[PDB]
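Take a look at this one chain, the form deposited in one PDB entry, written out in structure tokens.
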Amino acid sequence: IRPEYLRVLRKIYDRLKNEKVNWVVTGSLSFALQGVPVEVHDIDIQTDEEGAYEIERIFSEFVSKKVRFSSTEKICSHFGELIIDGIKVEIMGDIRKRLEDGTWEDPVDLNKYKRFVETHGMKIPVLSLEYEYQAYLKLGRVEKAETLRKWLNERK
């Protein structure tokens, strides 16, 4: 990953590593940490409902959008944003995808799908690539899903 992302990741990790917060890095940074050669433009952190508000507090001086329940047609979450050294950090708590019948999926057990990567002395929680692949397909993020799939197929 580019050094500026590693540095912001360290700033995040240092504030969360000894706090009782259920968090995982997702999306491009998670893919990159796990070896997928993708460009990273922001940092996405997934957490539970309580976790989102706790992260806001912990990073209070960096908040660009206070956490609040937010929905679109496809997704809802407790959604806030940080900016750290010019890098956007998206905080999404209790993320649910909209189902075909218009209901929301059940709460996602983050611990079920969490993995850990050691980098630069840090143990970073990241989300299962197979989980993200399947979720991206459901959301219609087909090219990103295909990129992950192709990389995973190539390493099987």
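Shifts are known only where both forms have a C-alpha. So that there is no doubt, residue numbering starts at 1 and follows the sequence shown. Each form is matched to the other, and the largest set of C-alpha atoms that superpose within 1.5 Å is called the rigid core.
(request) Taking the mean of the C-alpha B-factors per stretch from the entry, tell me the winner out of 84 to 92 and 35 to 43. (result) Of 35 to 43 and 84 to 92, the stretch with the higher C-alpha B-factor average is 35 to 43.
(request) Using the B-factors recorded in the PDB entry, average over the C-alpha atoms of 20 to 28 and of 131 to 139, then report which stretch comes out higher. (result) Here the higher of the two C-alpha B-factor means belongs to 131 to 139.
(request) Rank-wise, by C-alpha B-factor, drop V108 into the lowest, middle or highest third of its chain. (result) Its C-alpha B-factor, which the entry lists for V108, ranks in the highest third among residues of this chain.
(request) Can you work out whether the C-alpha temperature factor of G121 puts it in the lowest, middle or highest third of the chain? (result) It falls in the top third of the chain.
(message) Going by the CA temperature factor in the PDB record, which third of the chain does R7 belong to: lowest, middle or highest?
(response) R7: CA B-factor falls in the lowest third of its chain.
(message) Going by the CA temperature factor in the PDB record, which third of the chain does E54 belong to: lowest, middle or highest?
(response) Ranked within chain, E54 CA B lands in the middle tercile.
If you look for the form deposited in another entry, you will not find it shown, but the lines that follow are about it.
(request) Compare the position of the CA of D14 between this form and the one not shown after a rigid core fit and state whether the shift reaches 2 Å. (result) Shift at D14: below 2 Å after core fit.
(request) Would you tell me if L148 moves between this form and the one not shown by 2 Å or more at its C-alpha, with the rigid core held superposed? (result) Superposed on the core, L148 moves its C-alpha 2 Å or more between this form and the one not shown.
(request) Over in the other structure, so in that other deposited form, do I95 and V142 pull closer or drift farther apart at the C-alpha level? The difference is 3 angstroms or more. (result) It is closer: in that other deposited form, the C-alpha atoms of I95 and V142 lie at least 3 Å nearer than they do here.
(request) Note whether the distance between the C-alpha atoms of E143 and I124 decreases (closer) or increases (farther) in that other deposited form, against the displayed form; the change is 3 Å or more. (result) It is farther: in that other deposited form, the C-alpha atoms of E143 and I124 lie at least 3 Å more apart than they do here.
(request) Superpose the two forms on the rigid core, then report in sequence order the stretches of at least three consecutive residues whose Cα positions each move 2 Å or more between this form and the one not shown. (result) Only one moving run appears between this form and the one not shown, namely 141 to 155.
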